[PDB]
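Given next, in structure tokens, is a single chain: the form deposited in one PDB entry.
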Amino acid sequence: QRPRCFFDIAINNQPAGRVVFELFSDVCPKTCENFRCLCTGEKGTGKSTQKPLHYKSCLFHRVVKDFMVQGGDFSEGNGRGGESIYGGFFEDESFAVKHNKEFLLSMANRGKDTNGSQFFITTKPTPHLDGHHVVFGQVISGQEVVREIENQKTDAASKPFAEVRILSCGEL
């Protein structure tokens, strides 16, 4: 069975609901294990960042309407940071799953083989990302929460003016 993970979201400290993901561990096992462990916090402290390998209290720092919502920068909160559970970054595992629909879970990166902790959730088909970002899961519930994140007003760097925070997270 494929694992299922969750985020409980708050927007300016007001609960917005839970997003649940299914992870395609049969396609991208190393990528899925990283995300799963970042949900539970179970791998402890990031090697280079020296901060918890954990999405708890992390933000959705980049929102682009009709494109995606992105988070997981636990160490800098702005896209510059993060790290994987393996230390630093890990390689792009599979391009098998297409970015052909809303509500797919995919790895953010800064070029080839730079997977860390940052992830995004598509909000429309984004096929041009195929071969660039590894899709590794999908929303199963909480689509309306994702839409509420997507519709946030953002600053000049596409960061929501509201704090879109992962209040709690884990594995089901």
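Don't overthink the numbering: it's just position in the shown sequence, from 1.
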Quick check: 93-101 versus 75-83, which has the larger average CA B-factor in the record? 75-83
Mean CA B-factor: is it higher for 25-33 or for 45-53? 45-53
Which of these has the highest Cα B-factor in the record: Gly111, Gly137, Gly116, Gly131? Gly111
Rank-wise, by C-alpha B-factor, drop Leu38 into the lowest, middle or highest third of its chain. lowest
So where's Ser141 on the chain's Cα temperature factor ranking, which third? highest
Ranked by Cα temperature factor within the chain, is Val164 in the lowest third, the middle third or the highest third? lowest
If you rank the chain by CA B-factor, which third does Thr126 end up in: lowest, middle or highest? highest
Taking the entry's C-alpha B-factors for this chain, is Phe120 in the lowest, middle or highest third? lowest
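The next section is about a form of this same protein that is not shown, the form deposited with a partner chain bound.
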Interface residue in the deposited complex among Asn109, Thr40, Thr49, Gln143, criterion: non-hydrogen atom within 4.5 angstroms of the partner chain: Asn109
In the deposited complex, is there a heavy atom of the partner chain that lies within 4.5 Å of any heavy atom of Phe120, even though the partner is absent here? yes
Is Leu129 near the partner chain? Define near as a heavy atom within 4.5 Å, in the deposited complex. yes
Touches the partner chain in the deposited complex: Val134 (any heavy atom, 4.5 Å): no
Hey, in the deposited complex, does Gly79 get a heavy atom within 4.5 angstroms of the partner chain? yes
Which of 41-49, 60-68, 143-151, 24-32 has heavy atoms within 4.5 Å of the partner chain in the deposited complex? 60-68
